[PDB]
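The block underneath contains the structure these notes are about, expressed in structure tokens.
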Amino acid sequence: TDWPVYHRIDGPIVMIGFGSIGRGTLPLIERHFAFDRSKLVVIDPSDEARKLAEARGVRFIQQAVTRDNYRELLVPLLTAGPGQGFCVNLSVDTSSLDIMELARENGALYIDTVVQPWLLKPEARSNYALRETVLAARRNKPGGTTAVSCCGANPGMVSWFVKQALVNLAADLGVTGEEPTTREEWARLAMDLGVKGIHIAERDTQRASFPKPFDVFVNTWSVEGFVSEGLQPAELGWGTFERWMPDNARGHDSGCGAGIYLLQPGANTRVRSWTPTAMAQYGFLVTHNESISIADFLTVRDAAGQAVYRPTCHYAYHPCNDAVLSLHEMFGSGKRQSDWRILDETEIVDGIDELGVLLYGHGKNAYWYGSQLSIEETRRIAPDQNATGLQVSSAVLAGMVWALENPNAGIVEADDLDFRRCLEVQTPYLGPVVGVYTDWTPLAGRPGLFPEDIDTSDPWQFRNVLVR
Amino acid sequence: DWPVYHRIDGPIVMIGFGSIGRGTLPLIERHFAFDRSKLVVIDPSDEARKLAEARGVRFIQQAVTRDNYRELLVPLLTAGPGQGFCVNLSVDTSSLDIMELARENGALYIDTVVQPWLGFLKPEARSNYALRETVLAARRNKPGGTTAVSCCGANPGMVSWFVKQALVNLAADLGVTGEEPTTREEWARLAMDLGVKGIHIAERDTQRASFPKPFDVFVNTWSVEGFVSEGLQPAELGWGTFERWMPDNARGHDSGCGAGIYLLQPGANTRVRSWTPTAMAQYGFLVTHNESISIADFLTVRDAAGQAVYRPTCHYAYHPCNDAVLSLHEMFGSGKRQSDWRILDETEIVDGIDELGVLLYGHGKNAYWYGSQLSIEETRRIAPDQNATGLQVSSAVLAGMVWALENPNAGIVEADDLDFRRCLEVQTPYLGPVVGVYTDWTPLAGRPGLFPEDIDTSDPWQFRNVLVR
Ligand SMILES: NC(=O)c1ccc[n+]([C@@H]2O[C@H](COP(=O)([O-])OP(=O)(O)OC[C@H]3O[C@@H](n4cnc5c(N)ncnc54)[C@H](O)[C@@H]3O)[C@@H](O)[C@H]2O)c1
Ligand SMILES: NC(=O)c1ccc[n+]([C@@H]2O[C@H](COP(=O)([O-])OP(=O)(O)OC[C@H]3O[C@@H](n4cnc5c(N)ncnc54)[C@H](O)[C@@H]3O)[C@@H](O)[C@H]2O)c1
């Protein structure tokens, strides 16, 4: 009845970054893998991180990993032996692709939760473009040591939820038969079910024991990371059903073809969305890797290679109340707050991180599938983190298990992993995982007091979702 | 001790006993001498009844409606022996109809808002410009007569007196010579000569509650029903002659004073870039307010032909308390009102201020904020039964009442028509720090930035730059 130990790691474990996610992932690595304790080392420039690592009894190197030092630092650490090591990258300000390629070159497994560069026109700031660098790297060097790109809660877990949700939608219609095996089969299942689009539909209700301080940005995970992505252009996977886009929307000349972006910051762009606890709510259209990767994954092309079916996919994020206030403060002031803080589990009085996928446009209108993990449950089952952190760290755990079980798979996205195996590892840490149908649409209660440019023939059009 | 300004020798009829009525009644008892059993409070709610009974004040548990207001109020207003005073602090009642009833029965009248009877509409008809035009027409139809003070709370109300004092201060600091204005035409000419392109009613409420905001509860420091109703009205502003651009969904008015436009979107979901001393640069919401129109109208200069050659832009730039910001996000994101609401009591507020002032911009010193920084701690020391928001309003009602008793045959008047020095002399003891602050901030601070924006770089204070689009 104790915790399962999934695998032995026969080489160094190098954790890059020991912020909110690193702190939550370390205890799960220790819990679920067998290895000599001295094999693990944490790298992070922060004094705060150093003091926590010392209290946890783990090796700690207080250094920022940079383009200038990453080869001389990471190659010896990852190749120390006797066997294959694992690079666990949970940092800000480091090049995911460069570290990934270095790990592969040296036979070390690799996982991260984001594609980002080393510490510029808007299209270059896009997660579409960054994802294209990873796809190109895979084409240049197929196969080889497994490296898992963007395997956190979102991007990451939500790709597995999309697959489970598609299977459930079919079953709820009385459609029986083997589930898809190939990418094209998954894409055709979405097409055949009439899925028009998908929101990554999230509502964080975690509340702090102190009121939000003036001129302090407050969040339940990285403030630096959230602000960085929130200032990037709004970004979405763009569905074939869409008949309207804003005047300030732009596409891409190259790549998989699945994305557009808007010439405005994602964290100041609102969309109409829905989760089970929030019901109808505003989300922020913050750019995310999975907005592109899920739309790409579910694309059906004709013989000529043109996409004839693709779902819309984007984030619709309602963060914790203090983060909502922090965004209002930041954008209203035109500048970042002087200080910031990430809520510790000891500072959260109650709440959940409700994180799921909202598939819409099919015969049952809309279906939300995801996790309702509470802070109370989090504290009972995993230390050193809040409910936001545990969804992410447990997804990293699942990706690490998959990579150790499938060590010769090359560069892979969350959409490439065995979703059933990953969810089997992750689900002890997700609290209630539920599927909920709703009849809500973005046109509920509309038109109202004022004229609006809506498309009443198709309630889920982005024209109706975007707050204008 | 506290000054007793005057005796009131007739009935005092208070319509509405919510957050503002509860804050105003103690000031009335404190600052006027009157037969105490001559005060009557009318409110439909049981909560109001219990509070009035606890004070031993006559109470009538009725909702004033178009169907009953004549039969209900006339006996109360004319009960004698002397001139009565109708103090209207309610939601859901016709300001104009009750004002006219008071006037034709010789009773003084004051309120803090122009609003219609609760309905059992074209966007233009929902505008405060239209509502104010019904009051202006009433004045033209019955000049002079018994005084009725329209829209004399904190804003609208006190901020009109702040605008006059700020113009005086700017004149001194910019070396503009001339005697203090004493007529509307002289005030308007002073604003023109100072180069005041526009005015924000620039407010930041930092009052914080001892409990976190509950899900599906709208929280505010004053009327939730009243704030939501005004926040769903069209965004609305006095429209200055310097403006070179208006949004595609802006509209004007065929008739009336000519000072206003409105936008075909709700004010409480419309953001503007603004500034207060404690907030520094912030978003405010462009909630419609009577003074947006009245201040712009008051400061209009016309040529001989009657065409406006100068007028300041004027509008609200409201940053309410944090729990109200979250309540608006919740309400607009859900597309419907929350199932419950609450107004923060002073006992529930841990700290904070209601920073309420006027931001005059476009002149030689860029921008100037003048107003009140009243804290909840100071409020509790000097006045009972209210928070810092309520006390700024209730003290303004007091000031207007003192002015009306000293000027009881002035006809229908707005806060812009009162003697601002006398009103501020009555109100200032309840306003805490009242300060003027210059800033170099403009709406183009930091702009253009990461993304292309439709800005006017020739003039930072253009509405094109202020409006969040
Ligand atoms: N996919 C997901 O679900 C998901 C969820 C949360 C976060 N993330 C990603 O992970 C990132 C980290 O999140 P977090 O909440 O732990 O952030 P955090 O801000 O709490 O921690 C970041 C850590 O990185 C360290 N760091 C900074 N520069 C470094 C360098 N050059 N080398 C090594 N370490 C460095 C900092 O000292 C800090 O301790 C986020 O910015 C985000 O991109 C992904
Ligand atoms: N000018 C200003 O600065 C300013 C400031 C605050 C409020 N106001 C105005 O004053 C109004 C009242 O403010 P509040 O905070 O006291 O509101 P509130 O919601 O606390 O109280 C309103 C009261 O009116 C009563 N009421 C409802 N229908 C009625 C009717 N038909 N007849 C008589 N009473 C009735 C309610 O029972 C309630 O007690 C607001 O809606 C707003 O328009 C103006």
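A short reminder: the numbers here are calculations on the coordinates, not readings from a lab. Counting neighbours? That spans all protein chains shown, and the Cβs are built from the backbone with ideal geometry, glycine included.
If you consider only alpha-carbon coordinates, what radius of gyration and Dmax does segment A:241-312 have, in Å?
14.2, 44
Taking 25 Å as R0, compute the FRET efficiency from the Cβ-Cβ separation of A:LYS141 and A:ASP418 and round it to 0.05.
0.65
At what distance in nm do the modelled label points of B:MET280 and B:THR177 sit from each other, each positioned 7 Å from its Cα along Cα→Cβ?
4.1
Normalised radius of gyration for segment A:201-296, please: alpha carbon Rg relative to 2.2 N^0.38 Å, two decimal places.
1.24
Taking the mean number of other Cβ atoms within 10 Å as a proxy for protection, how do you rank A:194-205, B:359-370 from highest to lowest?
Per-residue Cβ counts within 10 Å, averaged per peptide and sorted highest first, yield A:194-205, B:359-370.
By its C-alpha gyration tensor, with a ≥ b ≥ c as the square roots of the eigenvalues, how is segment B:1-57 shaped: rounded for a/c under 1.5, else prolate for a/b larger than b/c, else oblate?
prolate
Could you work out the per residue convex hull volume over the alpha carbons of segment B:240-280, in cubic angstrom?
For segment B:240-280, the hull spanned by Cα atoms encloses 135 Å³ per residue.
If you look at just the Cα atoms of segment A:404-449, how large are its Rg and its Dmax in Å?
Final numbers for Rg and Dmax: 19.0, 59 Å.
Name the shape class, rounded, prolate or oblate, that the alpha-carbon gyration tensor gives for segment A:318-363, where a ≥ b ≥ c are the square roots of its eigenvalues, rounded holds for a/c under 1.5, and otherwise prolate holds if a/b is larger than b/c and oblate otherwise.
Verdict is oblate for segment A:318-363.
Going by how many other Cβ atoms sit within 10 Å of their own, how do B:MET192, B:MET158 line up, fewest first?
With the fewest neighbours first, B:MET192, B:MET158 line up as B:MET192, B:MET158.
Please report, largest first and rounded to whole Å, the three semi-axes of the ellipsoid equivalent to segment A:320-423, where each semi-axis is the square root of five times an eigenvalue of the C-alpha gyration tensor.
Semi-axes, largest first: 30, 21, 17 Å.
I want to check the label-to-label distance for B:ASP35 and A:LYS51. Put each point 7 Å from Cα in the C-beta direction and report it in nm to one decimal.
According to this spin-label approximation, the distance is 7.2 nm.
Quick check on the exposure proxy: order B:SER150, B:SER375 from fewest to most C-beta atoms within 10 angstrom.
With the fewest neighbours first, B:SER150, B:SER375 line up as B:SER375, B:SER150.
Distance between Cα centroids, segment B:188-207 to segment A:6-49: provide it in whole Å.
Using only Cα atoms to place each centre, the spacing works out to 58 Å.
Can you pick out the pairs among B:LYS164/B:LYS365; B:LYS38/B:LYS142; A:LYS163/A:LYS196; A:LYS121/B:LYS197; B:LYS164/B:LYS197; A:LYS212/B:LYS365 whose Cα atoms lie more than 27 Å from each other?
In this structure, B:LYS38/B:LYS142; A:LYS121/B:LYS197; A:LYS212/B:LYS365 exceed 27 Å between Cα atoms.
Report, as an integer, the average count of C-beta atoms from other chains found within 10 Å of each Cβ along A:444-450.
What the average comes to for A:444-450 is 4.
What would the Debye equation give as log₁₀ I(q)/I(0) for chain A at q = 0.09, 0.10, 0.11, 0.12 Å⁻¹, counting only Cα atoms as equal point scatterers?
For the requested q values the scattering log ratios are -0.56, -0.70, -0.86, -1.04.
Just to confirm the filter: which trypsin sites (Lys or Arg not before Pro) across segment A:215-312 are DSSP coil and have at most 12 other Cβ within 10 angstrom of their Cβ?
Loop-located and lightly packed - A:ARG243.
Could you work out how far the C-alpha centroid of segment B:69-91 sits from that of segment A:74-100, in angstrom?
81
Could you calculate, for segment A:27-84, the ratio of the Cα radius of gyration to the Kirkwood radius, expressed as Rg to Rh?
That ratio is 0.99, to two decimals.
Measure out, as a whole number of angstrom, how far apart the alpha-carbon centroids of segment A:412-438 and segment A:289-305 sit.
21
How large is the translational diffusion coefficient of segment A:99-213 in µm² per second when you combine the Kirkwood radius over alpha carbon pairs with Stokes-Einstein at 37 °C and 0.692 mPa s?
185
Considering the Cα trace of segment A:25-182, what is its radius of gyration and what is Dmax, both in angstroms?
Taking only Cα atoms of segment A:25-182, I get Rg and Dmax of 18.7, 58 Å.
Under a no-solvent Debye model with one identical scatterer per Cα of segment A:252-396, what's log10 I(q)/I(0) at q = 0.16 Å⁻¹?
-1.07
Restricting to chain A, compute how many DSSP beta bridges are antiparallel as a %, nearest 5.
Here the antiparallel bridges make up roughly 55 percent for chain A.
Taking only the alpha-carbon atoms of segment B:427-469, what semi-axes of the equivalent ellipsoid follow from 5 times the gyration tensor eigenvalues under a square root, in whole Å, largest first?
Listed largest to smallest, the semi-axes of segment B:427-469 are 33, 11, 10 Å.
Report the full-extension gain for the segment B:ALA304 to B:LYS365: residue separation times 0.36 nm, less the Cα-Cα distance, to one decimal in nm.
Fully extending the segment from B:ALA304 to B:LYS365 adds 18.9 nm.
Using only DSSP helix segments of four residues or longer, with each worth -39500 (n - 2.57), what per-residue ellipticity at 222 nm results for chain A after dividing by its residue count and rounding to 500?
Per the formula, -10000 deg cm²/dmol.
Report the local net charge at B:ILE15: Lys and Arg +1, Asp and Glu -1, summed over other residues whose C-beta lies under 9 Å from its C-beta.
It works out to a net charge of -2.
How would the protein assembly as shown be classified by its alpha-carbon gyration tensor: rounded, prolate or oblate, with rounded meaning a/c under 1.5 and the a/b versus b/c comparison settling the rest?
Taking the square roots of the gyration eigenvalues as a ≥ b ≥ c, the protein assembly as shown is prolate.
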